[PDB]
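Residue-level structural notes
Residues per chain, in single letters:
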Amino acid sequence: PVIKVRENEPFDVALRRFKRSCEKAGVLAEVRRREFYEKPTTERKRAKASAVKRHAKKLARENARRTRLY
Amino acid sequence: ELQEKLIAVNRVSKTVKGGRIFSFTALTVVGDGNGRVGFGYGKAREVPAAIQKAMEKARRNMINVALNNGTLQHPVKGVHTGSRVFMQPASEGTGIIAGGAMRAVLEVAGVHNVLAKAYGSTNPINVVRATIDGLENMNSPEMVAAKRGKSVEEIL
Amino acid sequence: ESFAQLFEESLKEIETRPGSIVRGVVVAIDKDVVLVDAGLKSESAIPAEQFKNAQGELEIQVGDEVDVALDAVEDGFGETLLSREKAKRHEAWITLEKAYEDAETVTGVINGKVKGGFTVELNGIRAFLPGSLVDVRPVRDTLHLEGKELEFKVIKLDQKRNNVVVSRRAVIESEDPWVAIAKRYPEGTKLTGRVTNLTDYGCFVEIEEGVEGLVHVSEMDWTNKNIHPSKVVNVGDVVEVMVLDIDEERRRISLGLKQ
Amino acid sequence: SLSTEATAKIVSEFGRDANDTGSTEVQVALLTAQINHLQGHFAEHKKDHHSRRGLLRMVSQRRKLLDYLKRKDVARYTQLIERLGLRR
Amino acid sequence: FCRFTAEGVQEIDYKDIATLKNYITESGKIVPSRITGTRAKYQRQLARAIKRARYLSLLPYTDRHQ
Amino acid sequence: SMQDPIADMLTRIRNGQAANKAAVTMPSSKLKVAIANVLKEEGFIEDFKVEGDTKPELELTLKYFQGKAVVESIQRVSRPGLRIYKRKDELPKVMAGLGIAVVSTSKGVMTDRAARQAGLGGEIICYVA
Amino acid sequence: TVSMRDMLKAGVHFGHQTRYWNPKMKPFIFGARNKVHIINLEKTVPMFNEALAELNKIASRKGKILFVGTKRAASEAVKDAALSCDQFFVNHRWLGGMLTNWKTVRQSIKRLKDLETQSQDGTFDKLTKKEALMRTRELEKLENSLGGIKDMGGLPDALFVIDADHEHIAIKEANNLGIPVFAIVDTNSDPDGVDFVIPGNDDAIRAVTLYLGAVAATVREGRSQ
RNA sequence: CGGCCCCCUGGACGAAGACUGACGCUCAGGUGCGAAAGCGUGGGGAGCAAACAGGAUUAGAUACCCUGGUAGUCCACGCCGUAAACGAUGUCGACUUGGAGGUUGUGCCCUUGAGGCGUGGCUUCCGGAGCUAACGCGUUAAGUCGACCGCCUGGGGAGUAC
């Protein structure tokens, strides 16, 4: 996330840009992930579980949507 | 003209904040002494009411059964849930050789002569259902002839 | 018999997929829903806003015929994509007509450049063009009487992404998105883009030849958090948006609307 | 695997028609050659278990083929086993 | 909306650095097939190419390193 | 592997009956053909049609009376794992005579009743009801 | 009676998208144009005719017909159809157990009738404003629900339906009691509960209207007979 | 089983043809492969960390938390032969409504465009008939059948003793 302040650019704006860049990188997230050792099994489980959740969100909810709430 | 037999009555409970709410289930079966049979399963806080309900249920949703004279037309198996039931036609005089719930259904149906064993579960409600199924599926000679595109003498 | 088979291939022959054949007769009007029947499986729930012309009031009663569009079938119940896009093809045909005689003539009136090219509006629609296209020379329509009447002489068109810059006054004078993503880049180039779907965090305005923009929720207005983008703008509408940010790598051009 | 040219050569020799390729004897020969080739490999690479599985399978197939040959036609089988030098 | 299907390329080239550069991050990372919309078959190839490039110092492993 | 062709055929027939299929096709065999013929005679199927020279396909045409299927039940009895041979006195009665039992005898494949009439038993192929 | 050309014009031949189909409607389907299922008009028409005939016959013996259509697009139209041949209808949401649980619903009907009487024949007025309002609301509710079936008395001797999948509850009820069912059944719907299936476009308004009109005519004819 | 490269090497799938001509399926004993930990001999040892030590916490804390930390994890060659070694679902074959995908081929089609119409392999989810104690399974069956094998017979005692 290397950044250079442009000529006649505000500080705040620059900071914001930097933040955005960082977010894009996913650096903080990566750091968080590597704080502690995740057993392979655990890693697998999370990934599959997450996937399942995503699938549920996509399809079941869509089905629900077809019918009106009131 | 219709005869009606209460097979079983069982007390069933529902747990609530206070304690246990009790109720009664009545399993009945009704028949006209000919092909028509129908079981009914009624439920109420008091027994008699439950029984009445069961009877009412039975009286509607009856079912016809092809009976060669006093007995069945051929050996027939009937299953429902745990209860699997075998029943076999038998010679005049032998009577209804069958156990429990099964017997009752047969009696109302106006079968007089059967050899019938209930394998598996003997949970009255299931077994009666099984029996009914068996009766229902059982085809006559005429019916079979119709199905197959033949006369009755061709089938024997 | 084969009467029906022949009738089927006949009816295949006498329809096409896009909004091309002006076939749906308007068979019920109620504000705010028009509805047609172009020989499809169901009737369209048409907005009223695909059919009022240039000052706000309706133009077509019962029996009237506009084609709509297609290639999308059954979202649950219903049939179409809107006929207004239909219109875009007609506009494209008129723009194309230029090529034949090397001069398309209508009226173009362009007051100012959102992103470096005066905006030109033809009939109901208004389009944005690159900065040169508005003026033949360095004349500049800022000194011209405001929203002046000329025509449009075309300067530049982008041919994939739809941006057309046209020539006001001077009558006498006569893989693919992502490599060179530096055209609308530089900090704040305003664009005219139709929104597609508003995902309760976003609005997804994306027009410039196979890209994706967001204008997510933070700008959109001059209130931050209580906004809910479906209330505040539209569905399917061409708006004020500019880039504010491009990543040509993780294709996220992050446009804005508070400008 | 066995090189194309080598395979062709094998086919020509053992096969009667030379276009045949699927003759039992020919097949056996092909198998045998492959096995021979793989011996060298497996001397070097003793822990290559997965590869060895394939070899084993091939061997089994060859054996089966031989058996088939035996019941059908004994003389031919004998000839084959002389040619290849298969102890059985 | 894959590029390589349309171009109809037989194999992605690590030497073709410019092309690669579209699929790499500002931070050097290879961009996901969700974002680029690259076909799966091609994506792997692209990744491989990028890796190769990195080995040959044609592309950088990361923005920071020096 | 395919071990019992007759059984397979029977299964196919059953499935057709279940699924309301008009006709059921399979690879032909002489025994199978005979069985089909027998069935036709006894009136459980409409017609059978073998077709082909190199690898011929038997096509049975299933029967449906008042919505439901005609072949109510159809079980193999003899099977490669465990063969069943009956003497003319020991020959069964399927559904107390209402169904039929295909039995292969020295004088060709026939229904149980037919076999009885003849005065000979044999390998019991299948019960059909 | 109803011609093929007319049907085509209406948009009967159109069905639902291919992913929403029922494979029990595979006999009644012809093909798939632009990834949308086309109903076979050659197989539809005779069936439709038969259905019409049946309806007529029913009418002739003084049969009570019930017209069900709670789509909300063709709610207006179904009511109209019903009224033309002075028959009964359910154009708004079908009350679960309308027919199976008639004896309870008969009380509701009675109540509604009473309310109506109070409104109209009494001419008393002089009622507390909130209470009056409440009463009015109740009346409105009843009218919406049971307006068409208030004069039905008992159970209907046949049941005409505009969509089988949408009105499955009604259909089911009719099966439990054994009332003949005359359902318009698009490709997505299930025809197994229906006695006299009519393969046709439930969704399109013009088609629905057409379906209604012929039926109405036949009923009228039966009545006349 | 996961950076990249090379060398040796096993299987799978498709496309057409050509050939062989039942050579097949299953398999008690038998043979092999078999995570992690563990063992032996010789190397290696960054990080992590059973054991161990101290600091906390606590009524206690032979734990959880913290600071350290050795076997081990890594390599070579042997042994061990077990795991919720799981889809808690033996292998092989046949047959029975559908939908939405993913992946990897391949035939035709104006690829007029990212497409259009098929046809094969493997695969994720939903669901019909049927099945099921129900939960659920549902063309990758737990459906309908056939072939072979393995295994179960109340809980504990015990997968223990001899």
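Refer to the structure above for everything that follows.
Everything in this summary refers to the structure shown in the same document. (Residues numbered from 1 in each chain as written, not as in the entry; some residues may be left out. Chains lettered and ligands numbered in written order. Part of a larger assembly, values for the part shown. Heavy atoms only, no water. Residues with missing side-chain atoms left out of burial classes, pairs and counts.)

1. Re the overall build of chain E
- Scanning chain E for helices and strands turns up four helices and zero strands.
- Seen in sequence order, chain E has helices and strands lined up from the N terminus as α-α-α-α.
- In terms of C-alpha radius of gyration, chain E reaches 12 Å, essentially the compact-globule figure of 11 Å for 66 residues.
- Here the contacts in chain E between residues at least 6 apart in sequence split such that 59% fall between residues at least 24 apart. (Helix = DSSP H or I, 4+ residues; strand = E, 2+ residues; numbered from the N terminus. Rg over C-alpha atoms; globule rule 2.2 N^0.38 Å. Contact = heavy atoms within 4.5 Å.)

2. Focus on the protein's contact with RNA strand H
- Every one of the 51 residues lining RNA strand H counts as a neighbour, but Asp20 and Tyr68 of chain D, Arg52 of chain E together with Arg14 and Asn15 of chain F are closest to it.
- Taking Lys41 of chain E, its main chain carries an N or O atom lying 3.3 Å from a phosphate oxygen of RNA strand H.
- Those elements giving two or more residues to the surface near RNA strand H turn out to be α2 (24-44) and α3 (49-72) of chain D, α4 (40-55) of chain E together with α1 (5-19) of chain F.
- If one sorts the elements of the surface near RNA strand H by residue count, α3 of chain D sits on top with eleven residues.
- Looking at the surface near RNA strand H, its residues break down into twelve nonpolar, 20 polar and 19 charged. (Near = heavy atom within 4 Å. Polar contact = N/O pair within 3.5 Å; in protein donor to acceptor, adjacent residues only side chain to side chain. Nonpolar A, V, L, I, M, F, W, Y, C, P; charged D, E, K, R; others polar.)

3. Quick notes on the pairing of strand β3 (residues 37-44) of chain B
Residues and elements named next belong to chain B.
- In terms of residue burial, β3 counts as a mostly covered element, since six of its eight residues are buried.
- With eight bridges joining them, strand β2 (residues 20-31) and β3 adopt antiparallel strand pairing. The residue bridging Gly31 from the neighbouring strand is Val37, located in β3.
- With antiparallel pairing between neighbouring strands as the criterion, β2 and β3 make up a hairpin whose turn holds five residues, including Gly33 at a positive phi of roughly 75 degrees. (Buried < 20%, exposed > 50% of the residue type's maximum accessible area, 1.4 Å probe, protein only. Pairing = 2+ DSSP bridges.)

4. Looking at helix α4 (residues 102-120) of chain G
Residue and element names in this part refer to chain G.
- Relative to the 27 Å expected for 19 residues at 1.5 Å per residue, α4 spans 26 Å between its end C-alpha atoms, a close match to the ideal helical length.
- Within the span of α4, buried status applies to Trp102, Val105, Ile109, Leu112, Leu115 and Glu116. For α4, the buried positions fall inside an angular range of 130 degrees around the axis, keeping them on one side. Along α4, the residues that are exposed and aim more than 90 degrees away from the buried face are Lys103 and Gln107.
- Buried residues belonging to α4 abut α5 (129-146). (Expected span 1.5 Å × (residues − 1). Arc of directions from axis to C-beta.)

5. Topic: the side chain of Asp163 of chain G
All names here are of chain G.
- Residue placement: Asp163 occurs in the loop between β6 (158-161) and α6 (168-177).
- A polar atom in the side chain of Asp163 sits 3.4 Å from the backbone nitrogen of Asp165.
- Side chain to side chain, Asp163 and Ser189 meet in a polar contact 3.2 Å long.
- Apart from residues no more than four positions distant in its own chain, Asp163 is found in contact with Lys71, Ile184, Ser189 and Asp202.

6. Remarks on the sheet that holds strand β3 (residues 33-35) of chain C
Residue and element names in this part refer to chain C.
- A sheet is described by the order of its strands in space; here three strands give the open sequence β2-β3-β4, paired in antiparallel fashion. Two strands close off the open sheet at either side, each with one partner strand: β2 (28-30) and β4 (46-47).
- Looking at chain direction, β2 and β3 are connected through three bridges and run antiparallel. In the strand pairing of β3, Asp30 is matched with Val33.

7. Describing the sheet that holds β2 of chain B
Residue and element names in this part refer to chain B.
- Taken in spatial order, the three strands make up an open sheet running β1-β2-β3, and their pairing is antiparallel. Of all strands in the sheet, those with a lone pairing partner are β1 (3-15) and β3, marking the two edges. This sheet shows a mean twist of 15 degrees between the axes of neighbouring strands, independent of strand direction.
- The sheet contacts of helix α2 (residues 101-109) involve β1, β2 and β3, and relative to β1 the element is tilted by about 145 degrees.
- Set on the sheet, helix α3 (residues 124-137) makes contact with β1, β2 and β3; between it and β3 the angle comes to about 155 degrees. (Axes fitted to C-alpha atoms, helices over the stretch in contact; angles between N-to-C directions.)

8. Topic: the packing of α3 of chain D against helix α4 (residues 74-84) of chain D
Residue and element names in this part refer to chain D.
- Following both chains from N to C, one finds α3 and α4 inclined at 140 degrees, their axes separated by 6 Å at the closest point. It follows from the interaxial angle that α3 and α4 lie oblique. Here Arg63, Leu66, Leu69, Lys70 and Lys72 of α3 come into contact with α4, specifically with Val74, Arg76, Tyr77 and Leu80.
- Taken together, the residues that form the contact of α3 with α4 break down as five nonpolar, no polar and four charged. (Parallel < 35°, antiparallel > 145°, perpendicular 65-115°, else oblique.)

9. A short note on a positive patch on the surface
- Together, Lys53, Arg54, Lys57, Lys58, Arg61 and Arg65 of chain A, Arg252 of chain C together with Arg34 of chain E give the surface a local cluster of positive charge.
- For the positive patch, the element with the highest residue contribution is helix α3 (residues 40-66) of chain A, accounting for six residues.
- The residue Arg34 of chain E is located in helix α3 (residues 33-36) in this model. (Patch = residues over 30% accessible without salt bridge, like charges linked within 9 Å, V, L, I, M, F, W, Y side chains within 5 Å. Areas by Shrake-Rupley, 256 points an atom, 1.4 Å probe, with all protein chains shown as cover. Salt bridge = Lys/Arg side-chain N within 4 Å of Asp/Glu carboxyl O. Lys, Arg positive; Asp, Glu negative; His and termini not counted. Charge placed at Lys NZ, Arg CZ, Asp CG, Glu CD.)

10. Brief notes about the packing of aromatic side chains
- For the structure shown, the criterion picks out six aromatic pairs over all chains.
- Look at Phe4 of chain E and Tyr42 of chain E: their rings are 5.8 Å apart centre to centre, the planes differ by 25 degrees, and that puts the pair in the stacked class. Pair noted here: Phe4 of chain E is in helix α1 (residues 3-7) and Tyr42 of chain E is in helix α4, with a separation of 38 residues, a long-range link. The two residues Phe4 of chain E and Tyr42 of chain E agree in class, both being buried.
- A centroid spacing of 6.0 Å and a plane angle of 40 degrees characterise the contact between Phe48 of chain G and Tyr211 of chain G, whose relative ring orientation is tilted. Residue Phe48 of chain G is located in helix α2 (residues 41-60), and its partner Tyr211 of chain G is located in helix α7 (residues 205-224); the two are separated by 163 residues in the primary sequence.
- Aromatic rings pair up to connect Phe4, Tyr23 and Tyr42 of chain E into one cluster.
- Taking the ring centre of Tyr42 of chain E as reference, the NZ or CZ of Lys41 of chain E above it sits at 5.9 Å. (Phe/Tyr/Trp six-rings, centres within 6.5 Å; stacked < 30°, edge-to-face > 60°. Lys NZ or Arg CZ within 6 Å of the ring centre and 35° of its normal.)

Honestly, it's all geometry; don't read function into it.
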